[PDB]
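The structure appears below as structure tokens.
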Amino acid sequence: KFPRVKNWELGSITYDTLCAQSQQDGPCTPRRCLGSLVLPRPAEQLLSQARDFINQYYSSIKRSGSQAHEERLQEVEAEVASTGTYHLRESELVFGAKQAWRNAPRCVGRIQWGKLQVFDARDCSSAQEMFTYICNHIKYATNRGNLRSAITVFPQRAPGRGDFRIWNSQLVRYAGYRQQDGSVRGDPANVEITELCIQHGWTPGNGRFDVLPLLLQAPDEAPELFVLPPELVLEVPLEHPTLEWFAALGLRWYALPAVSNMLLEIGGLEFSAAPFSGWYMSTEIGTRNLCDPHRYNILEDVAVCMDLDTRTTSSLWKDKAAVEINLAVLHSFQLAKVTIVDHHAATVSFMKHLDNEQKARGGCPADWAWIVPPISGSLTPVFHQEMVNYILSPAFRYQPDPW
Amino acid sequence: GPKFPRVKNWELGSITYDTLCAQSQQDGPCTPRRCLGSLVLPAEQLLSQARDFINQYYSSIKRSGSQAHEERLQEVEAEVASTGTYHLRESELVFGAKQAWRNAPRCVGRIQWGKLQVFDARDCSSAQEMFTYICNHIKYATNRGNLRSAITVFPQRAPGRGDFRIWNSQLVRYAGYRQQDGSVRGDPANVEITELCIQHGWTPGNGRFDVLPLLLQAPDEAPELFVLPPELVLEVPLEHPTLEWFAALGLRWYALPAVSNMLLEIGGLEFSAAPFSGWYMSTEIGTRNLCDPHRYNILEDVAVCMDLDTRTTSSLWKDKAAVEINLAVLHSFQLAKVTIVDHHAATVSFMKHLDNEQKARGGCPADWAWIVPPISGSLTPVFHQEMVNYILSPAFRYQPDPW
Ligand code: HEM
Ligand code: HEM
Ligand SMILES: Cc1cc(N)nc(C[C@H]2CNC[C@H]2OCCNCC(F)(F)[C@H]2CCCCN2)c1
Ligand SMILES: Cc1cc(N)nc(C[C@H]2CNC[C@H]2OCCNCC(F)(F)[C@H]2CCCCN2)c1
Ligand SMILES: C[C@H](O)[C@H](O)[C@H]1CNc2nc(N)[nH]c(=O)c2N1
Ligand SMILES: C[C@H](O)[C@H](O)[C@H]1CNc2nc(N)[nH]c(=O)c2N1
Ligand SMILES: [Zn+2]
């Protein structure tokens, strides 16, 4: 019934009781664990998700059962009855947004869950206006390098009609251009998205860090191409504290990590375009983005500059180079005065967050494989921490690509 | 598509469906409501388990349905009916032991499953004879440095009769002495067992690396204490290819990783004392044993020698040091010409193992968090491989400490 969660470093032990407020099923069954997969494959249902969410809200501001709580429940019943749907009040939205981040099992930065700038964008009618909002969000979130976490929430989905979508997977993304030789200049992860921009009229550059434009989609209309004003997009050239040759690799990364393809579910309403951003954890860039074989895959290159022995694996040239790369990122950011958090600091404050959430809620859904960073795993306290994963609502979801 | 778990590799973009999981006759800890994937520990019934394994045996020799097959079946239910247990034929045992290693979701060494040496010790009747048996195992398996995989199978559980048990978790372990100061000299993992040996008559050593004696338990007797002749316990003094001072730390490790407290379950029958052994992956010693906060914890020590800034996380001092320590392990094992495998090579052969298993059985149960190494996760290909975990049989199980 209630599972026992141990830390193998300290011998400490908790019991997750939060996991009973899970109303949504995951992929595992008693017969096989599938917890390592990246993805899945009526008035009544909405009304109870809403009732539950409203109760969560009035609880969150300790007014459960009071006057405004009663009339608000009746307001919702009344609106669903007559229309098959309802709408959120600004504050209610702001609550749900904070809560869906709080509930995200794969986010290691949740210590921050309470500090979130919310832009109400539900009064959007054109892709033009989407672009305007997307630009104010960026200017806000970037703040000359002192990064502030943000979300912008575009109009909810509606059964009569198509969705507001941002086709881009991230507001800021580097193009991936497919060469004659069947190789890739730029980011391999963004090949298909770079192809769409082009087909919808974009003139492409041909460097390895060409910021893609945005494809914005208003209901039931063709998507529209908007170029991001280059001064909004704060980038960081990568140099290395001791290695003078590093900078000449002309490596660089963008400051703002802002996901833009996930759906935000609150009280069983759905928000198909609701981009969110915080700040990077170094490993995201130094390890995944630059060292993944199916990304920029710079490991061999760097290591050769370091003059390490590539011939065998036991000289540990991959690990050696991986470290200098993450190192380079941290220095470069810290030097350009842009918010960055290394994997040690981040995981330490996630242990803290686990402890906060323990006393506050009786648990914390967490996805161990995603919370443990991609280098130096066991070197970080989270490695040694048993974790329970489950789905609480409000939530972010994956949704299908609009095309 | 197919109605079995679909299994993606994200570096390569390749897909497989796991049909092997259908063969799983036993629940693990996950449910649709919550994933417990990351948790470390979780007469009538006999006959059908036995029937199952006999069916497996006959499959493996291509004889499903035949006179010998069905006679063996008749033979087994005769024995159970008459006495409540039954006994394995020699080759049946060899098959099952190899099948339990093949079936183990948390071992990355499984590409070698077919090449294991099975020592039958079901005739053993004393703790002296147990000791002898263990000595031969260590001898054979150590093979002067050219390591050979082995298991020594002692007699099974009996209805109302005491188990054959090895009290030590591993055949070779270093002492852990609790200090009046609060600290621990030696390996803190081994505090209890060290204390259980002194209590049973061992005269303790003084060191960070004192090899423990064996507590061996014949059925229904107190455990007897046996000291391994030093010449049998092959150890590797640690040193660094280039950092000359490392050899001065006086760190060392033993060659033979030999688990000894696991239960081996074949077709219903339970072998409570059936120690097995292989060769190390570099990271077991260099990253867990030596760098864990709750073990030798030598990360700080080493970083000071390398002269890193240990006053801030973002110097990645832990990362740097851990890489040199892992490197020190490989160089030192290579130098002493003792078998070892680094995390890269190992993870590569596990991908090949996965490919093989797909073709042979249609899947491979795999505990992702456990397969992926404790440094350089995403640098090894297993990190990009989705894994299904489920329990097949023959199996190795954890089992309660005998005391
Ligand atoms: C504020 C600083 C933040 C840090 C340091 C951080 C860190 C991370 C990291 C390391 C991941 C793993 C992602 C990957 O490797 O692709 C992640 C995922 C995630 N984070 Fe954050 N995060 C931050 C802010 C936020 C904010 C503001 C939100 C929402 C408003 C958020 C919600 C999420 C979600 C929903 C995921 C899941 C990605 C997925 O399922 O694919 N995080 N975060
Ligand atoms: C041949 C060389 C082998 C290598 C390189 C290897 C590698 C590993 C590694 C790295 C682990 C994880 C250990 C940890 O960090 O706690 C492991 C676990 C395991 N291995 Fe192996 N293995 C080898 C041979 C064997 C053999 C001969 C057996 C038995 C026949 C075996 C059975 C197991 C089992 C049952 C586990 C799970 C331990 C647990 O559940 O705590 N392996 N293996
Ligand atoms: C808000 C926030 C802060 C932060 N530091 N980091 C993040 C994750 C970002 C950064 N670094 C990767 C990206 O994460 C994007 C979410 N995951 C992407 C994916 F891998 F799942 C694929 C497959 C299916 C869905 C689409 N893309 C978010
Ligand atoms: C046969 C073989 C080959 C190899 N390379 N490596 C091994 C694992 C050994 C060595 N290095 C770790 C140890 O694995 C032993 C089992 N690990 C789990 C544990 F240590 F946490 C505890 C708690 C649960 C109960 C059991 N023991 C075996
Ligand atoms: C298949 C596996 O689950 C996948 O490669 C995961 C592993 N852990 C991860 N962890 C984080 N933080 N981000 C990721 O994208 C992944 N990818
Ligand atoms: C807490 C977490 O489940 C635990 O620390 C696991 C993670 N992966 C592991 N993987 C291996 N090979 N060995 C281990 O001991 C662990 N420990
Ligand atoms: Zn699971």
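Couple of notes before you dig in:
- Pairs meeting the criteria (first residue in segment B:1-29 and facing chain A (nearest Cβ under 7 Å), second residue of a type in the set (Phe, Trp, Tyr) and surrounded by 17 or more Cβ atoms within 10 Å (Cβ to Cβ), beta carbons under 8 Å, at least 6 apart or on different chains) are B:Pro5/B:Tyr17; B:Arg6/B:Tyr17; B:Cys21/B:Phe4; B:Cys21/B:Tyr390; B:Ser24/B:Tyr390; B:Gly28/B:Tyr390.
- Matching option when the condition is surrounded by fewer than 15 Cβ atoms within 10 Å (Cβ to Cβ) and closer than 28 Å to A:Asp163 by Cβ, among A:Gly201, A:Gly250, A:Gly205: A:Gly201
- Inter-residue pairs, beta-carbon under 7 Å, first under 20 Å from B:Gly37 (Cα atoms) and in segment B:93-106, second among the acidic types (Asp, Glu) and outside any helix (DSSP H, G or I), 6+ apart: B:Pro105/B:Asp367; B:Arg106/B:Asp367
- Residue within segment A:52-64 that is outside any helix (DSSP H, G or I) and in contact with a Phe, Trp or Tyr (Cβ under 6 Å, 6 or more places away or on another chain) present: yes
- Residue match in segment B:211-218 (condition: within 30 Å of B:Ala43 (Cα to Cα), more than 16 Å from ligand 3 (Cβ to nearest atom) and not in a strand (DSSP E or B)): yes
- Candidates in segment B:357-369 are the residues that are in a helix (DSSP H, G or I) and within 16 Å of ligand 7 (Cβ to nearest atom); of these, the one that is farthest from B:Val40 (Cα to Cα) is B:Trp368.
- Boolean, A:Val338 is within 16 Å of ligand 3 (Cβ to nearest atom) and part of a loop (DSSP other than H, G, I, E, B): yes
- Segment A:370-402, residues that are away from ligand 4 (no atom under 16 Å from the Cβ), of a type outside the set (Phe, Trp, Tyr), part of a loop (DSSP other than H, G, I, E, B) and within 8 Å of another protein chain (Cβ to nearest Cβ): A:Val372, A:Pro373, A:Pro374, A:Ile375, A:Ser376, A:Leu379, A:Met387, A:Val388
- Tally, over segment B:208-231, of residues that are closer than 24 Å to B:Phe154 by Cα and buried (at least 16 other Cβ atoms within 10 Å of the Cβ): 14
- Of the residues making up segment B:235-268, those that are assigned to a loop (DSSP other than H, G, I, E, B) and in contact with a strand residue (DSSP E or B) (Cβ under 7 Å, 6 or more places away or on another chain) number 7.
Residue by residue, here is whether (1) closer than 25 Å to B:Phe276 by Cβ; (2) surrounded by 15 or more Cβ atoms within 10 Å (Cβ to Cβ); (3) under 21 Å from the mean Cα position of the chain (by Cα) holds:
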| residue | (1), (2), (3) |
| --- | --- |
| B:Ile54 | yes, yes, no |
| B:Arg63 | no, no, no |
| B:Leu73 | no, yes, no |
| B:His87 | yes, no, no |
| B:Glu92 | yes, yes, no |
| B:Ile111 | yes, yes, yes |
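- Residue identified as part of a helix (DSSP H, G or I) and away from ligand 3 (no atom under 16 Å from the Cβ) among B:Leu93, B:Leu147, B:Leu88: B:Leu93
- Just one of the listed residues (B:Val302, B:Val388) is in contact with a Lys or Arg (Cβ under 6 Å, 6 or more places away or on another chain) and more than 22 Å from A:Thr347 (Cα to Cα), and it is B:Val388.
- Residue-level check: of (1) within 14 Å of chain A (Cβ to nearest Cβ); (2) within 16 Å of ligand 2 (Cβ to nearest atom); (3) touching a helix residue (DSSP H, G or I) at 6+ places or on another chain (Cβ under 9 Å), B:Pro42 misses just (3).
- Scope segment B:295-335; condition crowded, with 21+ Cβ neighbours inside 10 Å, within 23 Å of the chain's Cα centre (by Cα) and of a type outside the set (A, V, I, L, M, F, W, C); matching residues: B:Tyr296, B:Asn326, B:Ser332
- Boolean, B:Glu284 is surrounded by fewer than 21 Cβ atoms within 10 Å (Cβ to Cβ), within 12 Å of chain A (Cβ to nearest Cβ) and closer than 30 Å to B:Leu216 by Cα: yes
- Taken residue by residue, segment B:344-356 has no member that is within 14 Å of chain A (Cβ to nearest Cβ) and either over 21 Å from the mean Cα position of the chain (by Cα) or not in a helix (DSSP H, G or I) (or both).
- Every condition in (1) under 16 Å from A:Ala104 (Cα atoms); (2) within 16 Å of ligand 2 (Cβ to nearest atom) is met by A:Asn356 except one, and the failing one is (2).
- Matching residues, segment B:287-299, being of a type in the set (A, V, I, L, M) and either within 16 Å of ligand 3 (Cβ to nearest atom) or within 8 Å of another protein chain (Cβ to nearest Cβ) (or both): B:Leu299
- Set B:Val341, B:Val323, B:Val388: member being at negative phi, within 16 Å of ligand 6 (Cβ to nearest atom), not polar (S, T, N, Q) and not assigned by CATH to the domain that holds B:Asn55: B:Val341
- Here B:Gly96 meets each of (1) within 25 Å of B:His343 (Cβ to Cβ); (2) crowded, with 19+ Cβ neighbours inside 10 Å with one exception, condition (1).
- The set of residues in segment A:27-37 that are surrounded by 23 or more Cβ atoms within 10 Å (Cβ to Cβ) and within 21 Å of the chain's Cα centre (by Cα) comprises A:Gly35, A:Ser36.
The values are calculated or read from the model by the stated rules, or taken from the named source; none is laboratory data. Because the Cβ atoms are built from the backbone with ideal geometry, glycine has one as well, and the counts that use them run over all protein chains shown.
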